[PDB]
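Data from start_9.cif: mmCIF, C-alpha atoms
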data_work
loop_
_atom_site.label_atom_id
_atom_site.label_comp_id
_atom_site.auth_asym_id
_atom_site.auth_seq_id
_atom_site.Cartn_x
_atom_site.Cartn_y
_atom_site.Cartn_z
CA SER B 1 106.71 11.88 -25.06
CA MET B 2 108.59 10.03 -27.82
CA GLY B 3 105.55 7.75 -28.23
CA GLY B 4 106.13 5.45 -31.23
CA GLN B 5 103.22 3.17 -30.27
CA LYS B 6 100.16 2.47 -32.46
CA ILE B 7 96.61 1.93 -31.17
CA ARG B 8 93.93 -0.10 -32.98
CA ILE B 9 90.18 0.19 -32.30
CA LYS B 10 87.63 -2.43 -33.44
CA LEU B 11 84.09 -1.27 -34.24
CA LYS B 12 81.12 -3.68 -34.25
CA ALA B 13 77.53 -3.03 -35.36
CA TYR B 14 74.67 -4.82 -37.17
CA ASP B 15 74.36 -2.00 -39.74
CA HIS B 16 77.68 -1.42 -41.55
CA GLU B 17 76.44 2.06 -42.53
CA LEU B 18 76.21 3.13 -38.87
CA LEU B 19 79.64 1.60 -38.14
CA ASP B 20 80.94 3.38 -41.26
CA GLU B 21 79.86 6.77 -39.87
CA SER B 22 81.44 6.03 -36.47
CA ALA B 23 84.75 4.98 -38.05
CA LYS B 24 84.77 7.91 -40.49
CA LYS B 25 83.61 10.34 -37.78
CA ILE B 26 86.33 9.17 -35.36
CA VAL B 27 88.92 9.34 -38.16
CA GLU B 28 88.06 13.02 -38.77
CA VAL B 29 88.34 13.79 -35.03
CA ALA B 30 91.45 11.61 -34.61
CA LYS B 31 93.18 13.10 -37.68
CA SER B 32 92.49 16.58 -36.25
CA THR B 33 94.70 15.56 -33.30
CA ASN B 34 98.50 15.59 -33.70
CA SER B 35 98.36 11.77 -33.74
CA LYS B 36 97.68 10.16 -37.14
CA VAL B 37 95.04 7.49 -37.87
CA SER B 38 95.13 4.90 -40.69
CA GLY B 39 92.04 3.26 -42.22
CA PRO B 40 89.36 2.65 -41.54
CA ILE B 41 90.24 -0.97 -42.43
CA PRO B 42 87.19 -3.11 -43.37
CA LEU B 43 86.97 -6.64 -41.91
CA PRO B 44 85.01 -9.85 -42.67
CA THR B 45 81.35 -9.81 -41.58
CA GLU B 46 80.37 -12.56 -39.11
CA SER B 47 76.93 -13.63 -37.85
CA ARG B 48 75.53 -10.83 -40.04
CA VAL B 49 77.76 -8.34 -38.18
CA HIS B 50 80.14 -5.83 -39.80
CA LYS B 51 83.40 -4.81 -38.10
CA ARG B 52 86.14 -2.29 -39.00
CA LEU B 53 89.64 -1.70 -37.58
CA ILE B 54 91.28 1.75 -37.43
CA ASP B 55 95.04 1.90 -36.75
CA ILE B 56 96.44 4.92 -34.87
CA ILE B 57 100.04 6.14 -35.21
CA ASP B 58 101.77 8.35 -32.61
CA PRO B 59 98.61 8.60 -30.45
CA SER B 60 98.32 11.62 -28.13
CA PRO B 61 96.31 12.42 -24.95
CA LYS B 62 94.13 14.91 -26.87
CA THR B 63 92.71 11.93 -28.80
CA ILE B 64 91.40 10.23 -25.63
CA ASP B 65 89.83 13.49 -24.40
CA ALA B 66 87.98 13.85 -27.72
CA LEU B 67 86.67 10.26 -27.46
CA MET B 68 85.33 11.00 -23.97
CA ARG B 69 83.63 14.19 -25.23
CA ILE B 70 81.99 12.22 -28.06
CA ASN B 71 79.79 9.19 -27.31
CA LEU B 72 79.44 6.47 -29.97
CA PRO B 73 75.86 6.15 -31.34
CA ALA B 74 73.68 3.23 -30.19
CA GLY B 75 74.17 0.10 -32.31
CA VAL B 76 77.98 0.45 -32.24
CA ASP B 77 80.58 -1.25 -30.02
CA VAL B 78 84.33 -0.83 -29.44
CA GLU B 79 87.01 -3.19 -28.09
CA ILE B 80 89.81 -1.94 -25.81
CA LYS B 81 92.74 -3.95 -24.40
CA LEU B 82 91.99 -6.96 -26.64
#

What's the structure tokens form of this structure?
Amino acid sequence: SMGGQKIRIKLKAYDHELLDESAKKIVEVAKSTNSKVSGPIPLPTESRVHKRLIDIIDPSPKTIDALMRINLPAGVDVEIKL
């Protein structure tokens, strides 16, 4: 489809290192898809918690299938639909 919509995913985890691997890992898998991903964008740590935001441009259905095939490692969280 024409698309033209961007998707943002927020990652949360006590250890920034772990969250860094999840964001970088997803970026490599997302970039592999026709859709493009920007970031990861680092955010302010709160309550000793690190969070990152990755923007997605022209997202495709192959990106969602890859996310379902890969399961985020324990200690990481994601926000969908606000």

List the residues selected by the PyMOL selection byres ((chain B and resi 41-54) around 10) in the file shown, writing them as a list in words. residues 7, 8, 9, 10, 11, 12, 13, 14, 15, 16, 17, 18, 19, 20, 22, 23, 24, 26, 27, 37, 38, 39, 40, 55, 56, 76, 77, 78 and 79 of chain B

Could you save those same residues with C-alpha atoms as a PDB file, in the coordinates of the input?
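again13.pdb was written with the following content:
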ATOM      1  CA  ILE B   7      96.610   1.930 -31.170  1.00  0.00           C
ATOM      2  CA  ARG B   8      93.930  -0.100 -32.980  1.00  0.00           C
ATOM      3  CA  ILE B   9      90.180   0.190 -32.300  1.00  0.00           C
ATOM      4  CA  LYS B  10      87.630  -2.430 -33.440  1.00  0.00           C
ATOM      5  CA  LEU B  11      84.090  -1.270 -34.240  1.00  0.00           C
ATOM      6  CA  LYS B  12      81.120  -3.680 -34.250  1.00  0.00           C
ATOM      7  CA  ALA B  13      77.530  -3.030 -35.360  1.00  0.00           C
ATOM      8  CA  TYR B  14      74.670  -4.820 -37.170  1.00  0.00           C
ATOM      9  CA  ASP B  15      74.360  -2.000 -39.740  1.00  0.00           C
ATOM     10  CA  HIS B  16      77.680  -1.420 -41.550  1.00  0.00           C
ATOM     11  CA  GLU B  17      76.440   2.060 -42.530  1.00  0.00           C
ATOM     12  CA  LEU B  18      76.210   3.130 -38.870  1.00  0.00           C
ATOM     13  CA  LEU B  19      79.640   1.600 -38.140  1.00  0.00           C
ATOM     14  CA  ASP B  20      80.940   3.380 -41.260  1.00  0.00           C
ATOM     15  CA  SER B  22      81.440   6.030 -36.470  1.00  0.00           C
ATOM     16  CA  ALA B  23      84.750   4.980 -38.050  1.00  0.00           C
ATOM     17  CA  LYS B  24      84.770   7.910 -40.490  1.00  0.00           C
ATOM     18  CA  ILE B  26      86.330   9.170 -35.360  1.00  0.00           C
ATOM     19  CA  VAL B  27      88.920   9.340 -38.160  1.00  0.00           C
ATOM     20  CA  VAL B  37      95.040   7.490 -37.870  1.00  0.00           C
ATOM     21  CA  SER B  38      95.130   4.900 -40.690  1.00  0.00           C
ATOM     22  CA  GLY B  39      92.040   3.260 -42.220  1.00  0.00           C
ATOM     23  CA  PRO B  40      89.360   2.650 -41.540  1.00  0.00           C
ATOM     24  CA  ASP B  55      95.040   1.900 -36.750  1.00  0.00           C
ATOM     25  CA  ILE B  56      96.440   4.920 -34.870  1.00  0.00           C
ATOM     26  CA  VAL B  76      77.980   0.450 -32.240  1.00  0.00           C
ATOM     27  CA  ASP B  77      80.580  -1.250 -30.020  1.00  0.00           C
ATOM     28  CA  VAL B  78      84.330  -0.830 -29.440  1.00  0.00           C
ATOM     29  CA  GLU B  79      87.010  -3.190 -28.090  1.00  0.00           C
TER      30      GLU B  79
END

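Put simply, the PyMOL selection byres ((chain B and resi 32-36) around 6) on this file hits residues 29, 30, 31, 37, 56, 57, 58, 59 and 60 of chain B.
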
How many Å separate atom CA of residue B:69 from atom CA of residue B:4? 24.9 Å

Quick one: pull the distance between atom CA of residue B:70 and atom CA of residue B:5, Å, one decimal. 23.2 Å

Between atom CA of residue B:28 and atom CA of residue B:64, distance in Å (one decimal):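 Atom-to-atom, atom CA of residue B:28 to atom CA of residue B:64, that is 13.8 Å.
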